[PDB]
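The chain that follows stands alone, in the form deposited without its partner chain, written as structure tokens.
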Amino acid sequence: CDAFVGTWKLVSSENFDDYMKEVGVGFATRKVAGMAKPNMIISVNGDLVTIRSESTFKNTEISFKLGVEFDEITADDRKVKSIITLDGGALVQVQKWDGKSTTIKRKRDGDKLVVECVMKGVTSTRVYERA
């Protein structure tokens, strides 16, 4: 799971607004979230994975074990159940809440970390590179 380890900075964002729309994120947060260029810091300690996201918007962190469901408060303040798994080199996170769910796929593409977020057919894609 070490291919993801390191510090990553956002270099491109696509369709993030309609992904957020689909998730139920409100207008004001969408403006601030869409203007942020977060760093994403990923580390592994033994079996424990950690992902820190650092924007002007918010600073969040999740710590989790692969394939063990955990409770999470997302940056837009949803309380979700998440499970994160490693699937052929992609880190795949499923978040469930209030009868909905969204998949967040983190994968390595050349020198890039590509994050694909899907919910109900709406996809957002954010690309990161090492800082």
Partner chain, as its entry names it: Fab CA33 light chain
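Numbering follows the first chain given and starts at 1. Superpose the two forms; the largest set of C-alphas matching within 1.5 Å is the rigid core.
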Exercise for the section: Once the rigid core is lined up, would you tell me whether 61 to 69 or 28 to 36 has the higher RMS CA deviation in 8 other deposited structures of this protein? Expected result: 28 to 36
Exercise for the section: Name the higher of the two by mean Cα B-factor in the PDB entry, 30 to 38 versus 83 to 91. Expected result: 30 to 38
Fill in the blank from the handout: Higher of the two mean Cα B-factors (61 to 69, 96 to 104; per PDB record) comes from 96 to 104
Problem - Position of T74 among the chain's modelled residues by C-alpha B-factor, lowest, middle or highest third - result: middle
Problem - Within-chain third of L113 by Cα B-factor, per the entry - result: lowest
Fill in the blank from the handout: For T56, the third of its chain by CA B-factor is the highest
Fill in the blank from the handout: Of the three thirds of the chain ranked by Cα temperature factor, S43 occupies the middle
Handout entry: Modelled-residue ranking by C-alpha temperature factor, third containing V122
Key = highest
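What comes next is about the form deposited with its partner chain bound, which does not appear here.
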Exercise for the section: May I ask whether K9, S13 and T56 each come within 4.5 Å of its partner chain in the deposited complex, counting any non-hydrogen atom? Expected result: yes
Problem - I104, heavy atom within 4.5 angstroms of its partner chain in the deposited complex - result: no
